[PDB]
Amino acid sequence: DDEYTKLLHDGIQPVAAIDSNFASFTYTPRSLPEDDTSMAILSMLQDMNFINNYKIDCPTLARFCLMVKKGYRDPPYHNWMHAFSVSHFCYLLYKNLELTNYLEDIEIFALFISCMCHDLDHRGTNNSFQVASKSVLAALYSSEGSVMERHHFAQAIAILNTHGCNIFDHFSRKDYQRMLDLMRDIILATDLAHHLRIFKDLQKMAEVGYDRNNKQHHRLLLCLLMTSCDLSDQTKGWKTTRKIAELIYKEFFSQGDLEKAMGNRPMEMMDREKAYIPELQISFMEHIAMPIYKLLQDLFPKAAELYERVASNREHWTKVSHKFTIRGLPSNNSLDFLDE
């Protein structure tokens, strides 16, 4: 209760008081210490005027925010700080790219809340592993796909249906249903499999030009912005990309270890013996990350800097790829590592 007490009664700090650069793309939200992140969630909500506009109950909101935070486990990458930094990028798009000209207020509110909840209760493993290991989640959800993402959605709903946690309690039936509909759509788009299916449609949308009167264009745009948030670590400095590669490949390799204890051949990228991290990083950037921010740039001309930094961070990887080949002796002055 003490964290809840202080988060509820101390008041909401202004976004500038968190960091002077808080509303800028150049700022890295991972540098904020975890114990401050719940306050920063409230301050962003305050600053986007969602608390006032939707008359969100503050006691309810405090509990909800902490419940979402304590709904994340602690694998190398898919932990609370990922959700937080993903939500922050959603805040950055609101401040810097004028989402109100494209999207309804409620759709913008949904995206931000979806960002907070999109990876709840993740276990450092992807959808394929759920079927392979025959986990509880596959048993539930494998027949429509997007296993983890459906679980992510279900967990967020469980948080809403916990007593005193339903930040939308006072919404009309029609607003409540719209908000949960949005959360379904938005969270399921976090499966990169989904993104790859809607990619042609996203290109179509960019070519012809955005149409605020077109209901499909809203749905498509909402998906693109979610993925943009989900991969937003790539739009920062080189250093952030470096660290995030380290965290995800730790997570991934751990899965591989389990897969081959269960007698399966992991996919190259899960395999610590086979995975060449430089080619995999560049490949993810080229085929997945870069074209997303290209499309984001195509729809928002003010999002050019984001594509530019991802493109530059890709160049940075190619330049450092040679450090993965050992020259001379490895500073041990030993070649004991070869006895196998």
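Here, rigid core means the biggest group of C-alpha atoms that superpose within 1.5 Å across both forms. For every residue, the number given is its place in the sequence shown, counted from 1.
Larger average C-alpha displacement in 9 other deposited structures of this protein, relative to the shown form after a rigid core fit, is seen for 273 to 281 when comparing 273 to 281 with 29 to 37. Larger root-mean-square CA separation from the shown form, computed after a rigid core fit of the structures in 9 other deposited structures of this protein, is seen for 146 to 154 when 146 to 154 is set against 80 to 88. Judged by mean Cα B factor in the deposited record, 311 to 319 ranks above the other of 311 to 319 and 54 to 62. Legend: mean Cα B-factor per stretch from the PDB entry, 266 to 274 versus 236 to 244; the higher mean is in 266 to 274. The PDB entry gives the largest Cα B-factor of the residues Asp74, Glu149, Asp230, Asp201 to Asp201.
Highest CA B-factor among the listed residues (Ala303, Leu45, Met67, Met39): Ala303. When all modelled residues of the chain are sorted by CA temperature factor, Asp119 is found within the lowest third. In this PDB entry, the Cα temperature factor of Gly164 sits in the middle third of its chain's modelled residues. In the deposited entry, the Cα temperature factor of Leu92 sits in the bottom third of values across the chain's modelled residues. Remark: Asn213 belongs to the highest third of its chain, ranked by C-alpha B-factor as recorded. Among all modelled residues in its chain, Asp181 ranks in the middle third by Cα B-factor.
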